[PDB]
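K.L.:
Before the rest arrives, take these chains from my complex:
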Amino acid sequence: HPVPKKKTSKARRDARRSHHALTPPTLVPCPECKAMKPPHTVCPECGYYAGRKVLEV
């Protein structure tokens, strides 16, 4: 059916994929451990905000 005409070079190619681009993952610290806690979450230790229940064996 309908196919392009070339590819306005790397130029465009990127232009687009460009405004696309990556980003990062948001982190703070274990209110109990230390490390990277993303809002509501536990992790392989402190597993808590009061009463772990998680991490061990």
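P.N.:
In hand now; what should we look at? Numbering: from 1, shown residues only, chains lettered A, B, ... in the order given.
K.L.:
Show me where chain A has its strands.
P.N.:
A:28-29, A:36-37 (DSSP state E).
K.L.:
any chance of those strands in TSV, with mean neighbour count and distance to residue A:57 too?
P.N.:
(C-beta placed from N, C-alpha, C; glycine too.) Below are the strands of chain A laid out as TSV (neighbours: other C-beta atoms under 10 Å; distance: least, C-beta to C-beta, whole Å):
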stretch	mean neighbour count	distance to residue A:57
strand A:28-29	10	25
strand A:36-37	16	22
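K.L.:
Adding distance to residue A:2, write the ones you listed out as JSON lines.
P.N.:
Converted to JSON lines, these look like this (distance: least, C-beta to C-beta, whole Å):
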{"stretch": "strand A:28-29", "distance to residue A:2": "49"}
{"stretch": "strand A:36-37", "distance to residue A:2": "47"}
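K.L.:
Among these, which comes closest to residue A:8?
P.N.:
strand A:36-37 (41.0 Å; C-beta to C-beta).
K.L.:
Parallel or antiparallel, which strands does that closest one pair with?
P.N.:
Looking at strand A:36-37 with DSSP bridges, its partner strands are strand A:28-29 (antiparallel).
K.L.:
and the partner strand, how far from the chain's centre?
P.N.:
15 Å (C-alpha atoms, centre = their mean, to the nearest Å).
K.L.:
Now tell me what touches that strand from outside.
P.N.:
Strand A:28-29 has contacts (C-beta atoms under 8 Å, 6 or more residues apart in numbering) with A:35-38.
K.L.:
what residues are up against the one residue sitting closest to the centre of chain A?
P.N.:
Centrality entry for chain A: nearest residue to the mean C-alpha point is residue A:25, 3.4 Å, by C-alpha atoms, centre = their mean. Shown in contact with residue A:25 (C-beta under 8 Å, 6+ apart): residue A:38.
K.L.:
measure it to residue A:52 for me?
P.N.:
Note on residue A:25: its distance to residue A:52, by C-beta to C-beta, to the nearest Å, is 23 Å.
K.L.:
let's put chain B on the structure above:
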Amino acid sequence: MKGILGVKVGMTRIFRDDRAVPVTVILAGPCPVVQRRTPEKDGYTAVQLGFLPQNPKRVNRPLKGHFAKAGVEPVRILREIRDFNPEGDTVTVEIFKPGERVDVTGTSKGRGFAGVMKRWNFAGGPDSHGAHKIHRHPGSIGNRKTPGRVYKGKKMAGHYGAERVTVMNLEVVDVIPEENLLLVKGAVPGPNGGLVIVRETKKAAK
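P.N.:
Chain B goes in next, on the same frame as the chains above:
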């Protein structure tokens, strides 16, 4: 000839010899939060408010935007031109003598993103005699070397809800001076349990 409103819902009411239906507006009443005098603004007139959300909640600069002629703890604020403010406060508790004629407006219930189908009128194509784009469809968008293209601003695809507007002239039917409310019998020009305002234009000689 102005009034701010947090509106409720519409509901039938009886009028004289026949029942008929109106709609529910509630306005605590604004208070010339800011005036725009002509030395200030020549789009001269009034900026008011009509309610108030939790106190802590007020940005600083706000705290003072108030400070000025000082008021309270709202967020429901907005202006309008050629609108005088012969007061420090105004609540409709007369502001709008019922059985008066009003014009009104507000947010337009956030629709969605509807094909020619919904957006504009004259929807789709047919269905049987040739159904692979079935019943519903999108007309024709112009043509070859006439304009050598697709036109520029004729009805079209998607998004048509998250928008707002006003309804011309209708009934101020009745004014309930306590619970600052007005029953009008109008289209509720946008959701209910939400927002609109009232203004009344009409050099209208039938």
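K.L.:
hang on, the earlier thing: tell me the backbone dihedrals of the residue nearest to the centre of chain A, please.
P.N.:
phi -100, psi 140 (degrees, to the nearest 10).
K.L.:
Regarding chain B, what is its longest helix?
P.N.:
helix B:60-67 (DSSP state H).
K.L.:
Off-centre distance for it?
P.N.:
The answer for helix B:60-67 is 27 Å, by C-alpha atoms, centre = their mean.
K.L.:
quick one: buried residues of the next helix or strand after it?
P.N.:
Remark: after helix B:60-67, the chain's next helix or strand is strand B:77-81, criterion DSSP states H and E. By 16 or more other C-beta atoms under 10 Å in any protein chain shown, the buried positions in strand B:77-81 come out as residue B:77.
K.L.:
same deal with stretch B:174-186?
P.N.:
Buried residues in stretch B:174-186 (16+ other C-beta under 10 Å): B:174-175, B:180-186.
K.L.:
again with stretch B:8-26
P.N.:
B:8, B:10, B:13, B:15, B:22-26.
K.L.:
Take these and lay them out in JSON lines including secondary structure and distance to residue B:197.
P.N.:
Below are the buried residues of stretch B:8-26 laid out as JSON lines (DSSP: H, G, I helix; E, B strand; the rest coil; distance: C-beta to C-beta, whole Å):
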{"residue": "B:8", "secondary structure": "strand", "distance to residue B:197": "15"}
{"residue": "B:10", "secondary structure": "strand", "distance to residue B:197": "17"}
{"residue": "B:13", "secondary structure": "strand", "distance to residue B:197": "21"}
{"residue": "B:15", "secondary structure": "coil", "distance to residue B:197": "24"}
{"residue": "B:22", "secondary structure": "coil", "distance to residue B:197": "17"}
{"residue": "B:23", "secondary structure": "strand", "distance to residue B:197": "14"}
{"residue": "B:24", "secondary structure": "strand", "distance to residue B:197": "14"}
{"residue": "B:25", "secondary structure": "strand", "distance to residue B:197": "9"}
{"residue": "B:26", "secondary structure": "strand", "distance to residue B:197": "12"}
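K.L.:
add chain C to the structure above:
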Amino acid sequence: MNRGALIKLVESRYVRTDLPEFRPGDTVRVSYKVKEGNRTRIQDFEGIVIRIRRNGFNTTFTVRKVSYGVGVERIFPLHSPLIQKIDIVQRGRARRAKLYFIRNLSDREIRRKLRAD
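P.N.:
Okay, here's chain C dropped in alongside the others:
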């Protein structure tokens, strides 16, 4: 507050009781005389006798198409408080199961068959 609250009110007033009529029945055939009139307030205690079809519910409610056979299928839909209405005396008796929109009635009735109910 909101909705519930205030509207609850507005109506509270205009309707007060839809007119302490309270006896509803669902099947009951019954008869009323509404100020139904026109032509020099030929508001005639107009009374229709009908088998109770249904009812809409909140301030505004509706004494539903109580269906009546004149010599035709005449079904009458009235609004409840409707000042229009005066007389609402009942006649038959509110019966039969699968409730409202009990259309079986005008549906495929047959005076006898209704009478079988």
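K.L.:
now with chain C: the buried residues of stretch B:174-186?
P.N.:
Neighbour-count burial for stretch B:174-186, counted by 16+ other C-beta under 10 Å, picks out B:174-176, B:180-186.
K.L.:
Also compute the angle for the longest helix of chain B relative to strand B:77-81, please.
P.N.:
50 degrees (axes from the mean of the first three to the mean of the last three C-alpha atoms, to 10 degrees).
K.L.:
List of residues touching helix B:60-67?
P.N.:
By C-beta atoms under 8 Å, 6 or more residues apart in numbering or on different chains, the surrounding residues in contact with helix B:60-67 are B:33-34, B:58, B:72.
K.L.:
tell me which residues of that helix are tucked away?
P.N.:
Here helix B:60-67 shows B:65-66 as buried, counting by 16+ other C-beta under 10 Å.
K.L.:
and if you look at stretch C:66-77?
P.N.:
Across stretch C:66-77, burial judged by 16+ other C-beta under 10 Å covers C:66-68, C:75-76.
K.L.:
Which strand residues bridge the residue nearest the centre of chain C?
P.N.:
The centroid of chain C falls nearest to residue C:63 when counting by C-alpha atoms, centre = their mean (2.2 Å). Beta-bridge pairing of residue C:63 under DSSP bridges involves residue C:55, residue C:78.
K.L.:
Who are the contact partners of the spatially closest residue to residue B:32 that is not a sequence neighbour?
P.N.:
Distances taken as C-beta to C-beta, 6 or more residues apart in numbering or on different chains place residue B:85 nearest to residue B:32, at 4.2 Å, with adjacent residues excluded. The contact partners of residue B:85, taken as C-beta under 8 Å, 6+ apart, are B:32, B:35, B:45-46, B:48.
K.L.:
Of these, which is the most crowded?
P.N.:
Counting neighbours by other C-beta atoms under 10 Å in any protein chain shown, residue B:48 comes out on top of the contacts of residue B:85 with 28 neighbours.
K.L.:
Now do the same for that one: helix, strand or coil?
P.N.:
At residue B:48, secondary structure determined by DSSP: H, G, I helix; E, B strand; the rest coil is strand.
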